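Novice: Once you've seen the sequence and the experimental structure below, I've got questions.
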Amino acid sequence: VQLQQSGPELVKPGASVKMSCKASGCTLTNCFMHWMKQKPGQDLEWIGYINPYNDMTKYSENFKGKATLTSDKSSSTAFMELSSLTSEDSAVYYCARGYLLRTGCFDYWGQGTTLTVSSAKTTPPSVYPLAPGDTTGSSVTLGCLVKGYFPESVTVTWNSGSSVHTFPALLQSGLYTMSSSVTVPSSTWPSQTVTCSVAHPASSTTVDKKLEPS
Amino acid sequence: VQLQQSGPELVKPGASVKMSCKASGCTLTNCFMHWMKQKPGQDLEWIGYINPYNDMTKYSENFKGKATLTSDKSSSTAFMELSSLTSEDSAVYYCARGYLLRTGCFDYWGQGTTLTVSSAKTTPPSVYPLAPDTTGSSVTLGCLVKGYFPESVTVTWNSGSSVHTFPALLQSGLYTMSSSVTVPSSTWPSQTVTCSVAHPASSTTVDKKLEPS
Amino acid sequence: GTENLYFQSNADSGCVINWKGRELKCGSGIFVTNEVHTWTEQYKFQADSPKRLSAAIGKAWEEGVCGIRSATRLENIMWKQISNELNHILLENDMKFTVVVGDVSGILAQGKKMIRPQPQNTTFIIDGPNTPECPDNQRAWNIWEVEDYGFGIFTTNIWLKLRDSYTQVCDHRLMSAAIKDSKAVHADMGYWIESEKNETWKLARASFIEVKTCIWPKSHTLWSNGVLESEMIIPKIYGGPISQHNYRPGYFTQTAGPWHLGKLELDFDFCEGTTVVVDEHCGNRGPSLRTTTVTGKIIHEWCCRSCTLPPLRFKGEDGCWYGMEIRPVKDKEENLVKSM
Amino acid sequence: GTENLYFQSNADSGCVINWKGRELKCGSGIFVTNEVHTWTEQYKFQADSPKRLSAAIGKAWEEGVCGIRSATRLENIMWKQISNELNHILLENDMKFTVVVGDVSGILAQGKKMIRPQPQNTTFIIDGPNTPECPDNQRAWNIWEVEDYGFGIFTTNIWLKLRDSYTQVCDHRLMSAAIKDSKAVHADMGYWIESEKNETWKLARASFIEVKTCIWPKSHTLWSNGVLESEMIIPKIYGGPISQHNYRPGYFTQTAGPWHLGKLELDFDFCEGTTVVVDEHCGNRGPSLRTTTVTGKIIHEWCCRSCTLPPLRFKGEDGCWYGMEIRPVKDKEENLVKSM
Amino acid sequence: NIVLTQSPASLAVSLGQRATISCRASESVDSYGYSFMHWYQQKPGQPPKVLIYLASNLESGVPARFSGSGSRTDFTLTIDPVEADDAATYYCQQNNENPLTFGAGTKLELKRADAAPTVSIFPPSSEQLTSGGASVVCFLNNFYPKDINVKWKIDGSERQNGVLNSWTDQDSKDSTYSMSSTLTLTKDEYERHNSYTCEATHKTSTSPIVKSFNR
Amino acid sequence: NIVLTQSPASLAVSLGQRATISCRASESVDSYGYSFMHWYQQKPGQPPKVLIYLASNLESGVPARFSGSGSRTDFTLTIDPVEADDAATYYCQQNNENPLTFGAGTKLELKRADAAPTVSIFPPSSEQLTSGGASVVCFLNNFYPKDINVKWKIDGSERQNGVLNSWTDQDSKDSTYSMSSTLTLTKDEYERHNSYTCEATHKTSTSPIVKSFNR
Ligand SMILES: *[C@@H]1O[C@H](CO)[C@@H](O)[C@H](O)[C@H]1NC(C)=O
Ligand SMILES: *[C@@H]1O[C@H](CO)[C@@H](O)[C@H](O)[C@H]1NC(C)=O
Ligand SMILES: *[C@@H]1O[C@H](CO)[C@@H](O)[C@H](O)[C@H]1NC(C)=O
Ligand SMILES: *[C@@H]1O[C@H](CO)[C@@H](O)[C@H](O)[C@H]1NC(C)=O
């Protein structure tokens, strides 16, 4: 039972969004698509469920006016739409297979659709390389500074496959700044070439930076 | 218990007429006014009945659209009304006291209301004397009532001898009748003989003296 | 303003008005209507196949079935209109008898034979009066059941097929019953029987276009438990619902009631120009009497031993009749009218 | 064209359509409708005098009544809406207790006492969950009967008065039934019970918005003679009409059916993704099972000893259930969900 | 409907004899032990009168010579001795089922010994001749049987135009008939002919009874 | 609604110990003889994963050190022995009655033997110095415990302006933390001073770990 959720969304206050969840491997008798709202690192809230084949739907009371569940059988897909949008709605919305009331658990989960509700406009990042004429050891660490983007998030990969560290993005002046560091042996650098790849989907920008010494 | 029906009526084709039947000596339990239609010398047709106190009414099947029985409790009188009128409706309509379905018979009867449905116009009659130059032991005299509409006329001889009244016949759309009287020849023409012709539908009375040429 | 109502595709759905009580009630369900006053134009019985029908009569007449009695007035109207076509079918088939259909007088009495379907001696007499040379015990009776309804605006056809075995029980496909709050109806193409609760559930009025002698089907009976045949106002033998709604305090089964009238109106009210008093000294219950003699005299003083007022009364073409319990207090005098 | 219809001012008068079969029927009679889906907006129970009610609860509680259980779902909504007004009445009268009204869970259980009308310890508990320190046998129940209806468009008020003595029988002023040809309904503010004749008369489907514990009054019952309680599909103790319409060939009374669900839908059809076969080899009938495991696994293969297909099934909030006669063909294994 | 058929349609009976009419119903007119059958007498120009009520009950003030019998389908009104007054049509009627229905009637005619008609001829009046027309009138008075032939001769040639005949109903006292024959022509047509004759031939004698007049 | 209250809000446990989390429901979560209770593990940035379904059922393919118990209102998740992978937040959830409800969560933090931070200092990039801004970044990698304060020295003056710090999640492999310190200035301000220093004081040593570079 494989669940695929829609992509991230950036939406103006008061507007509306409709996200999707396609369910492979389901049967009529199970396949209740539940929906949950989770702010970053906060409790999950239950919204409701819908059965693409049955059109059985049940909403929680907190979401009756807010969410609307719809379905397309042939696509075996669930759709959830969020009425007037507020910053309290910016969160991750999880799709997950469940059952009726006293039945089962949350077996399988989709990956989660992140929604960011904001008047601000999409801005791609600037990528600056981070290299160290000083002391050296049997290991040298390099970094990339991703500064001034909206909205979150970015993915920073190093040569596509060593130990890597990824640092949470922070808000400054209404845009985001994050960084990413990797450590490789100094016998390898800078004799070898090392590139940090920063991807920002919401601006559909991809920037590579080659790592070279100052 | 005596029933008095309204007088005769002449009504143009397509109109409507409402005739009456007043019943003295009635009680709530009896006093069913039945209505029957009889053309001259034909079978009686039963129309229906109405009880003025109960306002119970029943129609026969033929007359449902044609007759409407209505009532006045206070006058204890029955009304019968005859819808679209045709020449086929001209007959004598008898009112008669009865009861419900399997109860009693037609005890007492009204006098009958004669209806004439026609385009024709009321015409007063001409009265012609009928007298004879030869002699006998017995003499017969007559009055010829000719050219009147509608029926009928009354011919009385001195107002009270042997009399004969002859039925009216239709010729060219008006009625013609005659009436004869017989008296002994010692009596006529020394005595005077006058026939009185009364035609109520025109409310004229014509008297004629009978004398010999 | 707005209200919310449930409707269903396959039930009676609509809005309906009750002038008294001023209730507009809309919804889906079952609408039991009074088909009694409209029946001649609204419903028409119709035989399934006149050719195959004639064949079944041949087999019957060969086997000694003298005649037929209709169960219901509708069945009689059906025989009159198909009789002319029937005789023609029999003539073409070298059958040596004729089918004659007479009127329906009074009670539609029961015959004991049946007409089995097919895949003098010379007349096969249907209905009319009772004739000894064609005894009821030799006539087929209650031989049709409803196969389908032919629904349309205006007229509705009811197509019939011959039964395979004999039954005294009425054909329920024509029947209905209904109750809501404090009103109840058992009803038929020919019976409309109203009962209501005023402190206590009893029979309040009925309307009969026919008096039949099939038995009322229990499945279409309200409150059919613990019924005593002797306590049924409308007698079981004349299709009375075997129900406690068919009860009335102080009255017993009207076996000798004016059911011979063949068409009548039952309720509880005084007859015109009479009075009834409860007197234990009254005469006992016997065959119902008509309040008016042969000579139209009305009978003033009536009584009953232990009935309850108002009095059970039947109104007919020929006048008013009182239930078996009511008797003339002035005893027999004059020309009394009693039912047979 | 032109047609002829009988109407009456003091009956349900109007025209009504049946989409399938395309029957427009117009007349006067009784319109029994399905009130279950519209009830919250359409009907509101209302007590006659909150003062007279308040004194009777005081007189009851002094005589040792700790609480009440509502008879019907509407009655509970009434206690919720009036509680603020009652408690204000009690404080002015220095009564040393207050009235608390809880939810309606599952079956509307039966209490054994009564509230007689007028001319820990501190709370008089209405409804809620089942509590031993205020047990049912210490609580009054089925204490209201209908006094008058408030007839209107939109809302209809139902004004109720306290009864004079205790009764297990449901209040018939709220109930109805009707049957025509080959369809029949017994009906209520919360029950809609449909039976029909397809070769044989049987229970066809039902709708339950509440499951109550009064007895269904015989007076509003079709075909109430010779009923064997063991054969009534809807059990007598939950208000099954004591009628042969409440039968189903090959099933017996569902005393252990999933009535705990408190609101459910009965008919005769397979549950999704299951099969039932008639097999004498099956397990014996027992308490009803849910076709979905505790783990959401669907139970594929079912059978019944001598029931008849289609199988008796109940649909509820948490899923589909089969009548007692239906058992898993793989016998008791796995994580089963069973009723009481 | 219940159909009453009466026989005979017309019946002739001589003074003092017995007349018997029957009424045959298509369905039994019996209920409650009674026969709902009645007999009526209708003199011409008059409402009917009840004679027998129920099959067999003599009405108040009716001569005991009227009598009724029968039950169910068959009924009989008998008159014995038939008298001079009884010239009338007689009807049976039932009130067992709606609609009430009547018989067709039996017209009772009395038989007496023949008598010849007193024939009288009448010239056109002086008042008539001035309006442009003339009717010559012939009265044939007090004859029996009803059969009779009238013949108009102008100048000895027969005439078949403008002859209208009217018979009376049989006499209530003497049981004879009478008849007025009226030959109607134009006034000018009246002056072209001199002798006018009225010839009536009756069952009494072969040679007709003749009356004539001249200008 | 049925409210699940989880205790403790956050938990620190050493490798190999026994971890106990509890979930307290406001109303019974028991029906049909089962406890409709479940336990979830959520690694950060990831969907939650089931560990125990119903009170006491090990999920298929979940290591048997996880175990669940309880009935009615009180339930308990046990991990034994807790390992480096289990640094995550743990949720309980009920589906006995609508609405389905979750616990607030228990964040599990692992205790390991303390470790010193590997400090790295990085000058502003060549691309950055040309665009009008310059940011000096210092990476503090793989230390424990999580609490730490960093000190930047510019030419010997301490610096407290425009510094933003971010902590990572505890690493699932070695159970250590990391942190990035970022000094944000205008481009010109960087060139006015020559020497830059990164100084970290940790529980490992009293004398801070220092790293520096010059232009
Ligand atoms: C006379 O009728 C009987 C039945 O009524 C029938 O079976 C028979 O064939 C007919 N004819 C003769 C000659 O018996
Ligand atoms: C109902 O009963 C009351 C009192 O017994 C009476 O006044 C009323 O007329 C009754 N209504 C009926 C019998 O329809
Ligand atoms: C407690 O309640 C009972 C009835 O439940 C009542 O009779 C009694 O008087 C109360 N006790 C006190 C001390 O008020
Ligand atoms: C009617 O009965 C037949 C068999 O007797 C069945 O196949 C059909 O489904 C039934 N129709 C219904 C229950 O609507």
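Specialist: It's in. Residues are numbered from 1 along each chain as shown, chains lettered A, B, ... in the order given. Ligands and ions are numbered 1, 2, ... in the order given.
Novice: tell me the domain ranges of chain E?
Specialist: E:4-111, E:118-214 (automatic domain parsing).
Novice: The last one and chain B in contact?
Specialist: Yes - looking at domain E:118-214 against chain B by C-beta under 8 Å from any C-beta of the partner chain, the contacts come from E:118, E:120-128, E:131, E:135, E:137, E:139, E:141, E:164, E:166-168, E:178-180, E:182, E:184, E:213. Using the backbone N, CA and C atoms, a C-beta is placed for each residue, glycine as well.
Novice: any idea how far residue C:108 is from the residue of chain E found nearest ligand 3?
Specialist: Scanning chain E for proximity to ligand 3 using C-beta to the nearest ligand atom identifies residue E:32 as nearest, at 72.7 Å. Distance, residue E:32 to residue C:108, by C-beta to C-beta, to the nearest Å: 20 Å.
Novice: Look up which helix or strand residue C:81 falls in, please.
Specialist: If you go by DSSP states H and E, residue C:81 is part of helix C:73-92.
Novice: Output that helix as CSV, restricted to C-alpha atoms.
Specialist: As requested, C-alpha coordinates have been extracted for helix C:73-92 and formatted as CSV (Å, rounded to 0.1, in the frame of the first residue of the first chain):
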residue,chain,number,x,y,z
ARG,C,73,-68.1,-5.4,-7.6
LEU,C,74,-65.2,-4.7,-9.9
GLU,C,75,-65.1,-8.3,-10.9
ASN,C,76,-68.7,-8.1,-11.9
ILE,C,77,-68.1,-5.1,-14.2
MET,C,78,-65.3,-7.1,-15.7
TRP,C,79,-67.6,-10.1,-16.5
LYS,C,80,-70.2,-7.9,-18.1
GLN,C,81,-67.7,-6.2,-20.4
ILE,C,82,-65.9,-9.4,-21.4
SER,C,83,-69.1,-11.6,-21.6
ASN,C,84,-69.8,-10.6,-25.1
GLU,C,85,-66.3,-11.5,-26.3
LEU,C,86,-66.4,-14.7,-24.3
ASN,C,87,-69.5,-16.1,-25.9
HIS,C,88,-68.0,-15.5,-29.3
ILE,C,89,-64.9,-17.4,-28.4
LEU,C,90,-67.0,-20.3,-27.2
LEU,C,91,-69.1,-20.3,-30.4
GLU,C,92,-66.0,-20.6,-32.6
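Novice: now the domains of chain E as TSV including mean neighbour count?
Specialist: Shown next, in TSV, are the domains of chain E (neighbours: other C-beta atoms under 10 Å in any protein chain shown):
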stretch	mean neighbour count
domain E:4-111	19
domain E:118-214	17
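Novice: thinking again about what came up before, list the residues that contact the residue of chain E closest to ligand 3.
Specialist: B:102, C:290, C:294, C:337, C:338, C:339, C:340 (C-beta atoms under 8 Å, 6 or more residues apart in numbering or on different chains).
Novice: got those as CSV, with distance to chain D and neighbour count columns?
Specialist: CSV is the format used below for the contacts of residue E:32 (distance: C-beta to the nearest C-beta, whole Å; neighbours: other C-beta atoms under 10 Å in any protein chain shown):
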residue, distance to chain D, neighbour count
B:102, 28, 24
C:290, 28, 25
C:294, 35, 22
C:337, 31, 23
C:338, 33, 15
C:339, 29, 18
C:340, 32, 9
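Novice: Just send these back as a markdown table, with distance to chain E and secondary structure too.
Specialist: Formatted as a markdown table, those follow (distance: C-beta to the nearest C-beta, whole Å; DSSP: H, G, I helix; E, B strand; the rest coil):
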| residue | distance to chain E | secondary structure |
| --- | --- | --- |
| B:102 | 5 | coil |
| C:290 | 8 | strand |
| C:294 | 6 | coil |
| C:337 | 5 | coil |
| C:338 | 7 | strand |
| C:339 | 8 | coil |
| C:340 | 8 | coil |
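Novice: Which member of these is positioned nearest residue D:39?
Specialist: Residue D:39 lies nearest to residue C:339 out of the contacts of residue E:32, by C-beta to C-beta, at 50.9 Å.
Novice: That closest one and residue C:286 touch, don't they?
Specialist: No - counting by C-beta atoms under 8 Å, residue C:339 sits too far from residue C:286 to count as a contact (10.0 Å).
Novice: nearest spatial neighbour of residue A:84, skipping sequence neighbours?
Specialist: residue A:14 (5.4 Å; C-beta to C-beta, 6 or more residues apart in numbering or on different chains).
Novice: What of residue C:207?
Specialist: residue C:192 (4.3 Å).
Novice: Also residue C:50?
Specialist: In space, and not counting its chain neighbours, residue C:50 is closest to residue C:85: 5.3 Å by C-beta to C-beta, 6+ apart.
Novice: same question, residue C:117
Specialist: residue C:162 (3.9 Å).
Novice: Contact partners for the one you found?
Specialist: Counting by C-beta under 8 Å, 6+ apart, residue C:162 has contacts C:53, C:56, C:115, C:116, C:117, C:143, C:144, C:145.
Novice: repeat for residue A:116
Specialist: Contacts of residue A:116 (C-beta under 8 Å, 6+ apart): A:8, A:9, A:10, A:11, A:90, A:151, A:152.
Novice: Tell me the one among the residues you listed nearest to chain F.
Specialist: Checking the contacts of residue A:116 against chain F by C-beta to the nearest C-beta gives residue A:152 as the nearest, at 11.7 Å.
Novice: what's the spacing between the closest residue to chain C within chain E and residue E:53?
Specialist: Nearest residue of chain E to chain C: residue E:32, at 4.9 Å (C-beta to the nearest C-beta). Distance, residue E:32 to residue E:53, by C-beta to C-beta: 15 Å.
Novice: how about the CA coordinates for stretch C:312-332, as PDB?
Specialist: What follows is stretch C:312-332, C-alpha atoms only, in PDB (Å, rounded to 0.1, in the frame of the first residue of the first chain):
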ATOM      1  CA  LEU C 312     -74.800   2.100  16.000                       C
ATOM      2  CA  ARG C 313     -76.700   3.100  12.800                       C
ATOM      3  CA  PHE C 314     -76.700   2.000   9.200                       C
ATOM      4  CA  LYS C 315     -78.000   4.400   6.500                       C
ATOM      5  CA  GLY C 316     -79.200   3.100   3.200                       C
ATOM      6  CA  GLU C 317     -81.000   3.800   0.000                       C
ATOM      7  CA  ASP C 318     -84.300   2.900   1.700                       C
ATOM      8  CA  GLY C 319     -83.800   4.700   5.000                       C
ATOM      9  CA  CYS C 320     -82.100   4.200   8.400                       C
ATOM     10  CA  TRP C 321     -81.500   1.000  10.300                       C
ATOM     11  CA  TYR C 322     -80.300   0.400  13.800                       C
ATOM     12  CA  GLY C 323     -77.800  -2.200  15.000                       C
ATOM     13  CA  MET C 324     -79.000  -5.500  16.400                       C
ATOM     14  CA  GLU C 325     -79.000  -4.300  20.000                       C
ATOM     15  CA  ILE C 326     -81.400  -1.400  19.300                       C
ATOM     16  CA  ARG C 327     -85.000  -2.500  19.500                       C
ATOM     17  CA  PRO C 328     -88.400  -0.600  19.400                       C
ATOM     18  CA  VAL C 329     -89.400   0.200  22.900                       C
ATOM     19  CA  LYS C 330     -93.000   0.400  21.800                       C
ATOM     20  CA  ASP C 331     -92.600  -3.300  20.800                       C
ATOM     21  CA  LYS C 332     -93.900  -4.700  17.600                       C
END
